[PDB]
């Protein structure tokens, strides 16, 4: 996300590295609407000419940005500004020629701009020193193209074009240690499935409406297996017997994973999942979705025949529009759920942001390659649990980066080392929960600085410290409520209770912001996504090209066609977008997961 923003600010916003970075700290990653058009960057470039303070100040007084419309050695920025430069039109010439080779139809205007800026930036990356400055002045002064510049540009042209024409080789298709094959040799079932449910309520093994969903899945799936993994240690004896009979009467294959005998990685995952479930039962920060996230990848849980993992409540495309054949094929042994979102980027092609999820995972039958990919995932998740503080420290997650700066977090680490205890994930989750149970521990945990900036009063951080010190809680209350109900006048219209419940809701929201990554980043899909990233080019953004003659030149098209569950199952998920979904259609997010704090404080009480 951030990489591109900074590129824009340095190419079109008149910023340098340093002040472009300062700009993003002074700028939610909802900034990104400002870049689908030039308007913000054009005006910010005008203010940039008069110093960084000029731009900074314009931003704080501007009512709200995205409301910006026109008024009344940067080779790349010069190539896109100066449209009549004999060099810039030899770039556009080459851009259009490359496209008629690599494309299927008559190039779009966005499609030439895409290749054009590719050429321009590579030319900026091939020139350096005085020969960079000379051609920058040549761009601005519309001097004719230098001799032998068309030979500097020929190897560039042939690479952008061959990058968009050749099939990616096997070294760029290595996904979880297994090559993504284009002939789809791996076979899958559309009928076998398993799901997982570790109840936090010993007297109710599984909610009734999820039981109904599984009764439907077992019936639709015919003779295929509908497997349900659970933990006997989480139920009462009476409830377990009821559960076992319910599964028997509805064609559901129960697997009590407590009885599994595991070795190697399997046993490492089994031990960690049992630890989570034990810490859940004891009210010590354990989470049943974290346990499910791990048990997902145990070989004895998955089994030997092709089978899909699905979330227990995952619906199905039952009927005349479903897949009738029991067997399908794909190019990888482990198919994760994938989609992508298109980010508008002005006159260029839209950026394509791929999404990964573990809510559906299609496994092929037992084989060496499936074992390679599974172990690659398992080692990752096990590695996250053995190095909790090291992962938080390196995390790219914003909420986890903030966690590393909180004094309560530093204090927690010191206690653990003073008492020679390694910080466990449940320990951290437990600690955060307790900390968010009152305003005072909360402010103490996060620090007054952080508190002050959150409630709009950075200058009062010393004041909050003293009130904290001497125990004057009403100022923390009122400072927080005043930021919530927009003004100190409004807080006075409220009694004890309505102000006390606005603080509980707010504290709960802040806890969820940290709780959610404390599952997803270690055992969940974000941890799985971190293991997959290495496959993606990291050097230019991925753009959606609609009609490549060879679509298998782009990694996202290889993933979409050969390494994901799309078109390979009857299960229907709305947790991530479908492939190439417009950023607007990802408004779907507008209208608490079963495993977060709230809902888990419900599913028994």
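Numbering follows the first chain given and starts at 1.
Coordinates are lacking for 4 to 9 deposited residues between residue 27 and residue 28. Two stretches are in play, 217-225 and 149-157, and the higher mean C-alpha B-factor belongs to 149-157.
Of the two segments examined, 82-90 and 393-401, it is 82-90 that shows the higher average Cα temperature factor in the deposited entry.
Out of 180, 488, 168, 448, it is 488 whose C-alpha atom has the highest B-factor in the PDB entry.
The PDB entry assigns the greatest CA B-factor among 359, 249, 141, 265 to 141.
Residue 412: CA B factor in the middle third of modelled residues in this chain (values from the PDB entry). Residue 240: CA B factor lies in the lowest third for its chain, per the PDB record. Looking at the C-alpha B-factors along this chain, the one for residue 332 belongs to the lowest third. In the PDB entry, a CA B factor belonging to the middle third of its chain's modelled residues is recorded for residue 479. In the deposited entry, the Cα temperature factor of residue 436 sits in the bottom third of values across the chain's modelled residues.
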